[PDB]
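Colleague: For reference, the structure I am asking about is given below.
Number of protein chains: 2
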Amino acid sequence: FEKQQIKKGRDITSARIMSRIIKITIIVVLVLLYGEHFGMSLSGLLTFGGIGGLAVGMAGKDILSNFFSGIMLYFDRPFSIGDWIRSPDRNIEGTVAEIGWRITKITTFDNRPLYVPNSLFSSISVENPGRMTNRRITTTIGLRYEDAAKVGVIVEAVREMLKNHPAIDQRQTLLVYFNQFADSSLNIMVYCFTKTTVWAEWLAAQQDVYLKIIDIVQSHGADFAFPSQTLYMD
Amino acid sequence: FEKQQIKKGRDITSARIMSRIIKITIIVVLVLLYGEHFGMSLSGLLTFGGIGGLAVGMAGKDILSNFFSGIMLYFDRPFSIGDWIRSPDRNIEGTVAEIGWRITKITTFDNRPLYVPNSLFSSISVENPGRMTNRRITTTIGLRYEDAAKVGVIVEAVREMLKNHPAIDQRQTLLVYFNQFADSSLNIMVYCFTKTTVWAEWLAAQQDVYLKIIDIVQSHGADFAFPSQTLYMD
Ligand SMILES: CCCCCCCC/C=C\CCCCCCCC(=O)OC[C@H](COP(=O)(O)OCCN)OC(=O)CCCCCCC/C=C/CCCCCCCC
Ligand SMILES: CCCCCCCC/C=C\CCCCCCCC(=O)OC[C@H](COP(=O)(O)OCCN)OC(=O)CCCCCCC/C=C/CCCCCCCC
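Chains as they are written, first to last, in the entry's author numbering: chain E, 101 to 334; chain D, 101 to 334.
Pasting the structure below:
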């Protein structure tokens, strides 16, 4: 009757084979249990079942791990639905769309589905940026070695701008500091946080910040740096 | 009654399935134990339970490792809360926000949460810079081969500056030494320690140090080196 229920939406070949499989599986168990109720070589039957179930376990490890981790997700909620996810250790990055017992159905940002097994979440670090608070801005202003005299005041101006920018969160960090030399340039870091979590508003603020930086730089007399070389002709 | 407690904040589908699961799990155990109290094929039941629990263990390895490592963290305190962490072997880098029995909730420096399993801390080296004492400064002053005659005195001047800089810790190391040639440049190392652990003050001192280095170099007549080439035209 199970086979007939399987027959509506599947094939005869596979349903027949699956019938054979489940039939063998169900007869073998009761033969193993009542083979000594018949009284026929108990410990041989014991060995038979032992090695069979032993290989079966070594195989189905892969699947039961998925199932048990599905349970842990059912109770432990590292993420939920709609929560943008990623992992540094693997490509998972997408919005969750569905949880399952074996797997999860994520939608990437390609609008593609991704069917992930749940064993992975018990071995791997998971990042849920959808829960986050603020969004980061990071740059390196690459000036020239000619413009070294102008660095302190550029830096102070940039800082004073960010500190008086509406979109920016001043309770969080706010760092503008000449942090390294570099081949062909002097690199000023910028490290700031916007009080939005929205993609577009973050990007718009990033935009305004960058354009104001440009205006500041080119005002003070400096200019950005391309790569550079010294050619000793012959 | 457990199911009904689960029903308040979850669904009927999953709670029903979980009911089935726990029901099977609880009946099977007592059937296994009292199946011979009925007296029905003891050693067949023994095999059944053996292989079942064997696969179960091979699977739940992944989870029990997390739990036991959570216990070790409960007793052994490599880190605590508020302690910036990293590992060279993996991306974990963030401030701890919460410990758990299975996992930890870190906040990255993106203000993003990261849910890490605790099995990882028993396999991996962990660095707790939040406990540290002093912060390092490292650079390579890339001069030119033309400026080789000026290296000893530049070096000595730089050393004398750092040694008379307030923010610097002289009990720790302090190294300024011409350490390598390089394609296109002569590279002087700098390796020093600030007596702060704060990000911003460290960066400000880094700043002042670098600007003074620049002034020193350009005073003594040298200048920094871009990459370089010799072009043999034809
Ligand atoms: C480790 C050794 C074991 C190795 C693995 C051998 C295979 C084990 C048997 C297959 C696992 C169970 C598959 C899940 C479906 C259950 C079987 C089935 O026929 O249901 C089909 C059923 C569809 O329902 P209907 O078409 O309406 O049929 C109604 C039947 N009541 O399939 C489904 O997937 C239902 C939706 C669930 C999707 C989630 C992924 C599947 C897991 C479901 C629950 C957990 C079952 C597996 C773990 C059992 C642990 C005791
Ligand atoms: C290796 C084979 C085992 C494979 C794994 C099969 C699944 C095992 C069962 C699930 C593990 C236990 C989950 C932890 C919650 C306990 C079950 C539960 O219903 O509590 C929910 C409970 C929430 O509480 P209430 O909603 O108020 O309900 C009150 C119930 N007293 O869930 C919680 O997460 C509590 C907060 C703890 C968070 C820390 C992570 C979970 C671990 C908790 C403690 C350790 C339990 C697991 C190890 C047991 C070792 C004997």
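Ideal placement from N, C-alpha and C gives every residue a C-beta, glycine not left out.
Touch check for the region 318-327 of chain D and the region 281-298 of chain E: three-plus C-beta pairs under 8 Å?
Modeller: The region 318-327 of chain D makes contact with the region 281-298 of chain E; the number of CB pairs closer than 8 Å reaches 3 or more.
Colleague: In whole angstroms, what is the alpha-carbon distance linking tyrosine 332 (chain E) and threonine 330 (chain D)?
Modeller: One C-alpha to the other measures close to 5 Å.
Colleague: How would you call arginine 231 (chain D), buried or exposed, if buried means at least 16 neighbouring beta carbons within 10 angstroms?
Modeller: exposed
Colleague: Pull the bridge partners of residue 395 (chain E) from the DSSP assignment, please.
Modeller: Absent from the structure is residue 395 (chain E), since the part of chain E shown begins at 101 and ends at 334.
Colleague: Just by C-beta distance, which residues in the region 216-228 of chain E are closer than 9 Å to chain D?
Modeller: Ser219, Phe221, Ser222, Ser223, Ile224, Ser225, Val226, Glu227, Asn228
Colleague: Could you check where the beta strand (DSSP E) with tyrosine 245 (chain E) kicks off and where it finishes?
Modeller: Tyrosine 245 (chain E) -> no beta strand (DSSP E), and no H or E assigned at all.
Colleague: Go through the region 265-315 of chain D residue by residue and report every complete run of the beta strand (DSSP E) that reaches 3 residues or more, in order.
Modeller: 274-282, 285-294
Colleague: The beta strand (DSSP E) spanning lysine 205 (chain D) covers which residue range?
Modeller: 203-208
Colleague: What did DSSP end up calling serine 328 (chain D) once you bin it into helix, strand or coil?
Modeller: strand
Colleague: Taking 7 Å as the cut-off, is the C-beta of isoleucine 163 (chain D) nearer than that to any heavy atom in ligand 2?
Modeller: Yes.
Colleague: Please list, in chain order, all residues of the same chain as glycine 182 (chain D) whose beta carbon is under 8 Å from its beta carbon, the five residues on each side excluded.
Modeller: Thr195, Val196, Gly230
Colleague: Output yes if chain D places a C-beta closer than 8 Å to the C-beta of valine 253 (chain E); else output no.
Modeller: no
Colleague: Apart from the five residues on each side of it in sequence, which residues of its chain come closer than 6 Å, Cβ to Cβ, to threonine 204 (chain E)?
Modeller: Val216
Colleague: What would DSSP say about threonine 125 (chain D), mapped onto helix, strand or coil?
Modeller: helix
Colleague: Would you say the beta carbon of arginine 202 (chain D) comes nearer than 7 Å to a heavy atom of ligand 2?
Modeller: Of the heavy atoms belonging to ligand 2, at least one sits nearer than 7 Å to the Cβ of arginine 202 (chain D).
Colleague: Sorry if obvious, but does the Cβ on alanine 304 (chain E) come closer than 7 Å to a heavy atom of ligand 1?
Modeller: no
Colleague: So what's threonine 233 (chain D) in DSSP terms, helix, strand or just coil?
Modeller: coil
Colleague: In terms of alpha-carbon separation, which member of D:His320, D:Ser169, D:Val129, D:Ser165 lies closest to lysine 250 (chain D)?
Modeller: D:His320
Colleague: When the cut-off is 8 Å and only beta carbons count, does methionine 158 (chain D) lie next to chain E?
Modeller: yes
Colleague: In the DSSP assignment, what residue or residues form a beta bridge with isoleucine 199 (chain D)?
Modeller: D:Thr204
Colleague: Applying a beta-carbon distance threshold of less than 7 Å, which residues of chain E neighbour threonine 239 (chain D)?
Modeller: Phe281
Colleague: Just the chain D side, please: which residues come within less than 7 Å of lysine 161 (chain E) by C-beta, in chain order?
Modeller: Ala155, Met158, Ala159
Colleague: Is the region 169-186 of chain D close to the region 236-245 of chain D, with three or more CB pairs under 8 Å?
Modeller: no
Colleague: Name the chain D residues whose beta carbon is nearer than 8 Å to that of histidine 265 (chain E)?
Modeller: Correct list: empty, because the minimum Cβ distance to chain D is about 18 Å.
Colleague: Please report whether the beta-carbon of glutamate 136 (chain E) lies at a distance below 8 Å from any beta-carbon of chain D.
Modeller: yes
Colleague: Taking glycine 149 (chain D) as part of the alpha helix (DSSP H), name the residues at either end of that continuous run.
Modeller: 142-175
Colleague: For my contact list, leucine 132 (chain E) and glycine 149 (chain E) are in at a C-beta cut-off of 8 Å; report their separation, rounded to the angstrom.
Modeller: 5 Å
Colleague: Looking at the C-beta of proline 327 (chain D), does it have a partner C-beta in chain E at a distance below 8 Å?
Modeller: yes
Colleague: Taking the alpha-carbon positions, what's the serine 169 (chain D) to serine 222 (chain D) distance?
Modeller: 6 Å
Colleague: Just mark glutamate 102 (chain E) as buried or exposed, buried being the case when its beta carbon has 16 or more other beta carbons within 10 Å.
Modeller: Looking at its Cβ environment, which holds fewer than 16 other Cβ atoms inside 10 Å, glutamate 102 (chain E) is exposed.
Colleague: Which one of E:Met140, E:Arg271, E:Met289 has the shortest CA to CA distance from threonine 233 (chain E)?
Modeller: E:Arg271
Colleague: DSSP three-state call for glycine 194 (chain E): helix, strand or coil?
Modeller: strand
Colleague: Can you check whether the C-beta of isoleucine 203 (chain D) is within less than 8 Å of a C-beta belonging to chain E?
Modeller: So yes, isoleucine 203 (chain D) belongs to the interface.
Colleague: Confirm, please, whether the CB-CB distance from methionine 289 (chain D) to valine 276 (chain D) is below 8 Å.
Modeller: yes
Colleague: Less than 8 Å between the C-beta atoms of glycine 152 (chain E) and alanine 155 (chain D), yes or no?
Modeller: Contact: no.
Colleague: Given a threshold of 16 other Cβ atoms within 10 Å of its Cβ, counted over all protein chains shown, does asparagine 264 (chain E) qualify as buried or as exposed?
Modeller: That one is exposed.
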